[PDB]
Structure formats: structure tokens, C-alpha cells
């Protein structure tokens, strides 16, 4: 029964998550609008099977030590810096995030920013609020006909490309593991070739690439956007080439050092520069991304709890195995002790239970084995109890 699985959701996680749990039979859901202090968290997590958090709840070894029943963590966000990932792994707890939910929010932002930057709209508006009047066409340009260079052509890169094309831009990309043409979108032979031949360069590197040398290769009057990785651009070098008037503008969402909360001062050498849009790491922060995150992370948690899939876990060996309509399914998390597979297989033989399929994956800390078997009822319970006792076992359970 899934109504016995205690789901605890913190920090005002979207209602799309609560609904997804319910429709999956996970009706035992405690949903809070706030973060908890260490003490309330220790109390509340004490009986939790599944916890969902956002950016404020800190999940450390000390918390896991109190979490007697916890099987999985959902980070209802892109990042996972609030969870001790290795501590969770060593306790056989996968942590899931929402890596693709933000895609559309980042892509729209890039496209809007390309227009604002090529038109110099931000300095014009700052000036207008102050009483200035900068009515002039010089240095102001249409995006139609211009070349966008995209560095990293994954999910976001290609959505950015799609939208840029509908705006009449010529789109090129550089990506170390793709050279295919996509309709009118062509690969550049190299990063440098892309930099030299683009009017706007937007960084979309998958989770310094752009040094002063790279910036000086860009066309005079060109623009840089980085809404992807905070350590990818030398921002001191960017400030210099902007002040020289080599580059005409930039938009930057991510920084080498970002405030540890909205209640501490932000500093960057781009501050005070003309035609620079600075955004507080909000590329993925929309109401609609929050909704998609609620669904994405809950889907992962439901699938983990039902059938032990860990594909997409950020801290765990990635295992997926087609479920079967008969027999029983087991998972076993262990230390990587030599010969533990033998012990596991031996337990199954001993109980006359045949394994129909299995998937083992391992990393430096744990091995994770999921198995489909033909045992049923009490014979399966007995194999479970015995595999739990093999030395090096971290946890094991029966699955649907």
C-alpha cells in the first residue's frame, strides 16, 4: 500500500507535485509552505520515506542520521548544492533534480536579451528614467539577418536556435560532440570560428571557456550572453573589452561568486557598465518552470519508489530495468565488497527463486542492483530478509 508511504514536501513546492503523488496512489502527503529549522526538520523527517525540498532546506549527514525511513530526496530545483550528495549516496538514498524543466525559460530569456542588447534598450531606458533622451539609430540594429553563435547545442542550445531562426537570425553552433546540420542550423568547425563570425554569442554549455583571448576574437560590435555556467567567462576581461568598446554589450545571469541568499550584497566588475544586463541567476526562474519542476521531480520519485529506477539521479548509479507483470522485483544497495554478487545469487538459489533479469551499476561508494525474479509471497519475503543480512548491505527492499 502506497498510502503508507510518508511523503513530506517543503518550501511551497508547486501543487502539480502534490497532484502527481495523489494520482500515483501516494496519498500520504504532508505539504508545507516553508523551510524547517534543524530541530523541526529532524522531527518531521524522522518518519519520512520521501522528502521534497527547494533551495533553503539543508540536507546533511546529521539530518540523514535522524531519517530512519528515508528512501529518496527530491530537489525541486535545477541545482543540488543544498544536499550533501555523497552522504545521501552512502546511505543508499538517491537524490533527483529537475534538469530539463528550465529549458524554455532560459531560451526565451536569451532571445529577449538579444533584441534588448542589439538595440541598446537598457541604457536608453536608464537614461530616460533620469531625464535623458537618446533618440538615435547609431549602433542600434535589427536581429533579422544577424548571426547567432551558440556554444553547446544540447536541449537549451537547440531551443534557443529554433526561436532565433523564427526571428530571422542565421544560427550556427559549436559543440565538441555534434557536427550534424539541423535544417538551416549549421555546425562551426571550431569554437574560434564561431566566435569570429557571430554577431551574438550565447553560451549553453552542459553541466574559463571564454577568456580575454576569446573575447578579442569576437567581432567588434558583437555581444556576449552567458545564461548557462557561472565560471565560463572571465568577467574582468569582459568588463575591459566592453569599456574599450570592442564588444557592444552583454547579458549575464551567472557569476563566479553569487550571494549566499537575497539578503547579502552582490559584486561583479560588470556593475555600472553600459549595455550590460545583469540578472540574479533567474534564467530558470519562472512560475511555469516551477510547475514543470513539480511534475518532473515527482515523476522521478514515484518511479524510484515504485520500481527502483535511478536514471536521472544526480548522486547515484543510474539503473533502469523493464518491469514484468509477474513474480517479484528486488533492489539491493551495498558497499562494493568483492564477492557480494556471489552471496546475493547464492541467497536466491537457496530459496529456489530464479532471476529473470537484473541490472547492476556501481560507483566509488556503492553498488546498486535491481532484479526481476519469479519468487512470490513468503518465499520472496524470506529472500529479502536474508539479502538484507549480507555484510556490506546498505539497504534492500521489495518493489512493485
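Positions refer to the first chain, counted from 1.
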In terms of residues present in the deposited sequence but not modelled, what lies between residue 207 and residue 208: none, 1 to 3, 4 to 9, or 10 or more? 4 to 9
According to the deposited model, is the average Cα temperature factor higher in 183-191 or in 269-277? 183-191
Between the two ranges 313-321 and 227-235, the one averaging a larger CA B factor in the entry: 227-235
For the listed 290, 125, 305, 155, which has the peak Cα B-factor recorded in the PDB entry? 155
Name the one of 211, 262, 295, 97 with the greatest CA B-factor according to the PDB entry. 262
Quick check for you: using the entry's CA B-factors within this chain, is residue 346 in the lowest, middle or highest third? middle
Once the chain's modelled residues are ordered by C-alpha B factor and cut into thirds, is residue 145 in the lowest, middle or highest one? middle
Please say which third, lowest, middle or highest, residue 58 falls into when its CA temperature factor is compared across its chain. highest
Residue 70 - Cα temperature factor, lowest/middle/highest third of chain: middle
According to the PDB entry, is the CA B factor of residue 365 in the bottom, middle or top third of its chain, that is, lowest, middle or highest? lowest
